[PDB]
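Protein chains in written order, with the deposited numbering: chain T, 1 to 131; chain R, 1 to 118; chain E, 1 to 204; chain 9, 1 to 37; chain O, 1 to 122; chain 5, 2 to 60. Positions of the beta carbon are idealized from the N, C-alpha and C atoms, including for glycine.
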Amino acid sequence: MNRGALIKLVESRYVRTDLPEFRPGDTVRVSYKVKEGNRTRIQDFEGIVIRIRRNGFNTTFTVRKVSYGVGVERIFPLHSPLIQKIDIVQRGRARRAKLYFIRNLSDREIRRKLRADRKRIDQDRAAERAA
Amino acid sequence: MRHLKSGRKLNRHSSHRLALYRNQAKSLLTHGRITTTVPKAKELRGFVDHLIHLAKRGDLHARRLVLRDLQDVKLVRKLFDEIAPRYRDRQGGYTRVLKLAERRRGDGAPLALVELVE
Amino acid sequence: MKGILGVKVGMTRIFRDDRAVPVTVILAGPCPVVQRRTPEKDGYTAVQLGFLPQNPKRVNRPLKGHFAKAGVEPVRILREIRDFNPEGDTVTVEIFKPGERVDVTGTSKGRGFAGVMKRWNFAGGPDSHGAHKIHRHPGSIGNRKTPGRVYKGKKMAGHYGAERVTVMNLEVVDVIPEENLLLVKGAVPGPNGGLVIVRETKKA
Amino acid sequence: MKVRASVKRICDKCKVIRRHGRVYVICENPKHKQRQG
Amino acid sequence: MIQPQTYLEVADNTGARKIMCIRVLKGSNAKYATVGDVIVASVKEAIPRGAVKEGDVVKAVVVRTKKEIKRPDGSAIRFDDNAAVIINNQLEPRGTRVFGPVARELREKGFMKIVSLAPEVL
Amino acid sequence: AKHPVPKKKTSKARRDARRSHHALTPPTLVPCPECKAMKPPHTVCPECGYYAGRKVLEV
RNA sequence: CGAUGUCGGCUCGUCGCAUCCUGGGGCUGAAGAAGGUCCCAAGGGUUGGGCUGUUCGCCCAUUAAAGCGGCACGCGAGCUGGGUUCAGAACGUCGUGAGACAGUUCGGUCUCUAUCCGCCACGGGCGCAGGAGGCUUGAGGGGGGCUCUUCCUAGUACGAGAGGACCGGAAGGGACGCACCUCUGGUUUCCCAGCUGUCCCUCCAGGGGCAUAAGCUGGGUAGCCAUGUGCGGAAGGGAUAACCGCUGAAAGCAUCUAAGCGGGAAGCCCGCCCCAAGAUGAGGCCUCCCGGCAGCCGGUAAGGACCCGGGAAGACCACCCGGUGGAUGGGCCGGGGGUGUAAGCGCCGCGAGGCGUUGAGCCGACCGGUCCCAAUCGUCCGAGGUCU
Ligand SMILES: [Zn+2]
Ligand SMILES: [Zn+2]
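Pasting the structure below:
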């Protein structure tokens with residue numbers, strides 16, 4: 001018995017697969033389904049992915065944006081069905097897998113410390129090219 | 001609770017544990033066989049097998065990696081020249097541990113000798 | 001009363017109804033019965049389940065004869081499900097169904113000679129204001145000359161865990177027939193790979 | 001149920017019983033209901 | 001997880017600025033306070049000539065928590081502050097308009113006034 | 002800590018009683034299949050200096 | 001009085017019931033709700049804070065409530081030392097004075113080793129009339145036991161209205177207990193990276209030591225954890241307390257009682273969980289083993305132990321597992337995971353540096369594979385079954 005293998009199997013039926021790969025420092029708008037009252041709409045959270053803890057299917061991430069001069073840190077199950085889709089608005093090239101320090105920096109400082117990833121951006125331009 | 005936590009402390013703090021491993025490895029490559037307390041040897045197995053593995057890789061990067069620990073030119077030379085090739089075919093288990101018959105008189109310590117595999 | 005042997009393979013949450021319902025995954029089956037505790041023979045009702053199978057060259061003659069009187073391959077561990085007469089000869093996860101309530105019995109992780117705080121949640125002592133060398137002691141442990149002793153069962157240091165433990169009224173999140181895997185909401189006692197016994201809940 | 005030691009009649013309707021080893025001042029008036037104790 | 005002695009930002013136009021949680025109106029001995037929780041606080045900082053002055057002891061509602069908050073989806077939200085809304089004794093927002101985002105649990109606890117008045121419910 | 006102290010003297014029988022469990026088990030040895038000499042298992046026979054039917058130590 | 005450490009606080013509780021809440025009930029100057037009182041009821045709970053050395057009390061805010069007490073006004077070989085009450089100092093006051101206070105005020109050494117009973121855990125011996133290997137049972141024991149809010153019933157009954165139900169359901173809470181680490185979050189002592197000084201390797205580069213018993217800093221797997229998550233308080237049965245009864249004489253009537261029967265509580269027992277045959281009453285079931293001088297010896301059988309590789313098992317011991325058939329551990333490999341693009345090279349830049357190489361390189365546990373290393377080789381204990 002390969003216990004981790006078995007966990008792989010069980011999680012297999014629930015793995016979401018299509019979402020765009022991204023790294024910390026990138027900026028993303030999350031199509032996240034929301035159940036307000038009775039209906040369930042989809043609102044979007046856009047900010048920096050300040051963190052990605054990778055635990056296979058249980059891998060999760062956190063997004064950070066300043067709503068009304070108030071930094072809202074939001075966390076998402078990477079394979080949640082409620083995540084309708086992910087949108088890479090920006091390839092912020094950080095230099096660490098965790099980016100907690102931006103919690104205490106002015107927005108100008110933020111943009112300065114996070115520069116666009118020329119490589120990955122040039123790839124996405126290189127990608128998004130159908131037959 | 002030492003649940004699944006690997007690696008002996010050996011009753012030495014961090015850097016002394018490390019420098020112990022480095023000096024032990026130095027002596028071992030310098031002699032092939034050495035004598036040490038059993039737990040030191042068992043903790044010494046992986047620390048040597050790893051360096052020998054980097055010998056089997058043999059590139060410059062491995063030279064500076066293993067040289068981070070051995071910290072010697074000539075010794076790492078002998079490592080990458082005689083030690084690496086003789087273990088060119090063996091995947092892992094580059095050393096052997098054997099327990100000695102008599103303890104140490106001075107404190108009754110159980111003695112065990114470490115050797116590079118034939 | 002339905003039950004099955006099983007092993008705690010690990011925990012994980014999954015998504016049912018937009019809920020990340022955390023579950024423990026449990027390799028239960030297949031469990032072959034080896035001896036049925038009958039009242040005429042044993043004074044009560046139960047069966048004896050082998051899980052997991054054991055090396056034939058690693059079994060003593062007594063157990064071997066015990067599987068010769070039975071018909072099962074030599075199997076490592078053998079336990080009894082009290083008050084359970086399975087018609088079938090090898091119980092599997094099929095006896096349960098997702099959404100069914102169960103109670104699980106396992107041995108919690110042995111915490112060795114547990115201190116008194118970790119073992120009973122005693123407050124201990126302050127970290128400053130002069131607390132002399134007593135930051136984790138239980139303080140007083142009794143009374144003066146009357147009665148002048150220590151009552152039985154006074155909470156103290158000792159082995160916290162490493163003991164038969166049963167969490168109850170768990171829910172079968174999902175069964176996995178092909179794998180003999182079972183999904184139960186909440187956490188199960190014992191470490192991963194530690195043997196466990198899955199039983200129908202006694203609640204109502 | 002007035003509890004007391006000196007249970008007694010109040011009105012003529014106050015009937016007394018030794019019910020289960022105790023003395024009860026039973027009557028129509030629930031106020032008159034007395035239990036010796 | 002807000003507890004007594006905590007300072008809270010009042011996210012509306014009542015006049016206060018900060019408050020001190022001095023109780024948690026959730027059972028008699030609940031340890032902490034969190035989103036949608038009704039605490040009792042005191043006014044430690046108020047704008048000059050506000051509706052409420054310092055020393056006012058008023059029931060509030062926790063609308064933001066610097067401590068993370070889980071949800072049955074599994075998602076987690078967490079602010080960079082701890083805010084609250086000075087309400088009346090009827091769970092009604094005493095202030096007219098609120099500031100900053102808030103948490104959807106207020107909907108989950110009959111605080112639709114705050115949710116509507118919220119510039120950004122989350 | 003008020004200096005705990007033995008209340009009474011331990012009788013001889015009680016002292017020996019606690020000293021019951023102090024026995025020194027004989028260190029189990031086995032004969033060297035190389036040199037037929039007794040020795041503890043799982044160690045090189047210092048007589049023969051061999052182990053596992055082959056030489057290791059330089060006796 | 002050849003010493004029984006004195007208030008207070010902390011820790012830990014255990015117990016009483018003269019019960020504060022929760023359970024039940026009686027009466028009411030009980031319309032309903034809320035009440036008052038009394039009776040039964042000790043299972044559980046009985047908050048946080050300000051003041052003060054304080055207990056006490058007042059107050060703040062709550063709660064269902066914010067019980068009174070006993071346990072050397074419990075608890076210092078468990079802590080503290082705030083007060084009291086050593087010596088110093090001062091004040092008011094008394095005294096001529098030295099000094100005095102119960103008046104005040106500041107400061108003021110609290111003593112590592114547990115022998116015994118006791119308690120918490122773990123073992124060894126023997127026993128459990130044949131020896132073993134498992135599985136259990138369960139005498140008895142312990143844990144637990146809670147409470148609230150909301151909603152429907154139903155704005156119904158009641159009530160002029162106000163207000164506002166019973167009972168019966170359902171949902172959500174708080175606190176507490178158990179377990180677990182999927183999620184959040186914390187440590188994660190060298191797993192990754194960066195950086196400063198110094199010295200060294202080896203001049204550069206690239207590295208190492210020291211800066212703590214990590215130099216600092218940014219992260220962090222596992223494991224351990226709460227603040228994270230899951231689960232629990234059952235339901236029900238029985239006997240019941242107060243209480244309410246039915247039948248009913250004594251005693252034409254009546255009477256809950258005398259015969260009898262019933263209901264009837266967070267209460268008791270069981271029921272739930274765990275321990276448990278040293279339960280010497282040593283239990284039961286299954287399977288295995290089979291001579292010489294009640295016995296006695298013998299190697300033995302089964303089997304076990306030592307030994308060894310270990311282990312979410314552990315202080316030791318113990319427990320579990322493994323032993324060439326073996327994946328038990330160390331390697332190695334692969335995956336996971338972390339860190340975050342190694343060096344070297346090439347290019348650009350006067351340079352600091354940057355670009356690509358390159359999600360690179362390293363990589364503790366984690367998940368599995370590979371017998372490369374080593375659990376080698378072995379020795380010993382262990383049956384001939386008490387008698388009616
Ligand atoms: Zn009367
Ligand atoms: Zn020899």
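Cβ-based burial, residue i [other Cβ within 10 Å; buried from 16]
i, result
"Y87 (chain R)", "buried"
"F15 (chain E)", "buried"
"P39 (chain E)", "exposed"
"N143 (chain E)", "exposed"
"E21 (chain T)", "exposed"
"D12 (chain O)", "buried"
"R125 (chain T)", "exposed"
"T96 (chain O)", "exposed"
"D42 (chain E)", "exposed"
Selection from the options that minimises the alpha carbon distance to residue i
i, options, result
"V97 (chain R)", "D89 (chain R), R63 (chain R), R2 (chain R) and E43 (chain R)", "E43 (chain R)"
"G7 (chain R)", "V76 (chain R), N23 (chain R), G46 (chain R) and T95 (chain R)", "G46 (chain R)"
"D17 (chain E)", "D73 (chain O), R104 (chain O), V62 (chain O) and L122 (chain O)", "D73 (chain O)"
"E200 (chain E)", "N169 (chain E), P32 (chain E) and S108 (chain E)", "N169 (chain E)"
"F67 (chain E)", "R136 (chain E), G139 (chain E) and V34 (chain E)", "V34 (chain E)"
"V116 (chain E)", "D42 (chain E), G193 (chain E), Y44 (chain E) and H137 (chain E)", "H137 (chain E)"
"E87 (chain E)", "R36 (chain E), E80 (chain E), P62 (chain E) and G130 (chain E)", "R36 (chain E)"
"residue 215 (chain E)", "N60 (chain E), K57 (chain E), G193 (chain E) and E80 (chain E)", "The displayed coordinates of chain E run from 1 to 204. Any statement about residue 215 (chain E) would go beyond what the structure contains."
"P93 (chain O)", "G100 (chain O), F111 (chain O), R78 (chain O) and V24 (chain O)", "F111 (chain O)"
"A16 (chain O)", "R49 (chain O), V40 (chain O), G100 (chain O) and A33 (chain O)", "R49 (chain O)"
"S80 (chain T)", "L6 (chain T), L9 (chain T) and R13 (chain T)", "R13 (chain T)"
"residue 273 (chain E)", "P189 (chain E), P177 (chain E) and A204 (chain E)", "Lying outside 1 to 204, the shown extent of chain E, residue 273 (chain E) is not represented and no answer is given."
"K152 (chain E)", "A162 (chain E), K8 (chain E), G190 (chain E) and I141 (chain E)", "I141 (chain E)"
"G6 (chain E)", "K202 (chain E), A204 (chain E), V198 (chain E) and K203 (chain E)", "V198 (chain E)"
"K40 (chain R)", "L79 (chain R), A101 (chain R), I52 (chain R) and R22 (chain R)", "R22 (chain R)"
"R57 (chain R)", "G108 (chain R), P85 (chain R) and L4 (chain R)", "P85 (chain R)"
"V25 (chain E)", "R3 (chain T), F57 (chain T) and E36 (chain T)", "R3 (chain T)"
"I83 (chain R)", "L10 (chain R), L29 (chain R) and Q24 (chain R)", "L29 (chain R)"
"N60 (chain E)", "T105 (chain E), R76 (chain E), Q48 (chain E) and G71 (chain E)", "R76 (chain E)"
Close beta carbons around residue i, own chain, < 7 Å, minus the five adjacent residues each side
i, result
"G32 (chain R)", "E115 and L116"
Nonlocal neighbours in the same chain, by C-beta distance under 8 Å from residue i, ignoring five residues either side
i, result
"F113 (chain E)", "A157, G158 and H159"
"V175 (chain E)", "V93, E94, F96, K97, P98, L181, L182 and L183"
"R12 (chain R)", "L20"
"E171 (chain E)", "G99, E100, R101, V102, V184, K185 and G186"
"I110 (chain T)", "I48 and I102"
"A116 (chain T)", "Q90, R91, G92 and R93"
6 Å CB neighbourhood of residue i in its chain, flanking five on each side removed
i, result
"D56 (chain O)", "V43"
"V91 (chain E)", "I4 and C31"
"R82 (chain E)", "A46"
"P77 (chain T)", "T60"
"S12 (chain 5)", "none"
"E120 (chain O)", "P101"
Whole-Å CB distance - residue i paired with residue j, under 8 Å assumed
i, j, result
"residue 206 (chain E)", "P22 (chain E)", "Past the boundaries of the shown model lies residue 206 (chain E); chain E is included only from 1 to 204, so the question cannot be answered."
"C27 (chain 9)", "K8 (chain 9)", "The pair is not a contact, with the Cβ atoms about 11 Å apart (cut-off 8 Å)."
"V62 (chain O)", "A30 (chain O)", "Incorrect: roughly 12 Å between the Cβ atoms, too far for contact."
"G56 (chain T)", "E128 (chain T)", "Not really, about 28 Å apart at Cβ, beyond 8 Å."
"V10 (chain O)", "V85 (chain O)", "7 Å"
Can you list the residues near ligand 2, meaning Cβ strictly closer than 6 Å to any non-hydrogen atom, in the order they appear in the chain?
-> A distance filter of 6 Å between CB atoms and the heavy atoms of ligand 2 selects the following residues in sequence order: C33 (chain 5), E35 (chain 5), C36 (chain 5), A38 (chain 5), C46 (chain 5), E48 (chain 5), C49 (chain 5) and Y51 (chain 5).
Let me have the residue list for ligand 1: C-beta closer than 5 Å to any non-hydrogen atom, ordered along the chain.
-> Any residue whose Cβ sits closer than 5 Å to a heavy atom of ligand 1 makes the list: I10 (chain 9), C11 (chain 9), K13 (chain 9), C14 (chain 9), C27 (chain 9), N29 (chain 9) and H32 (chain 9).
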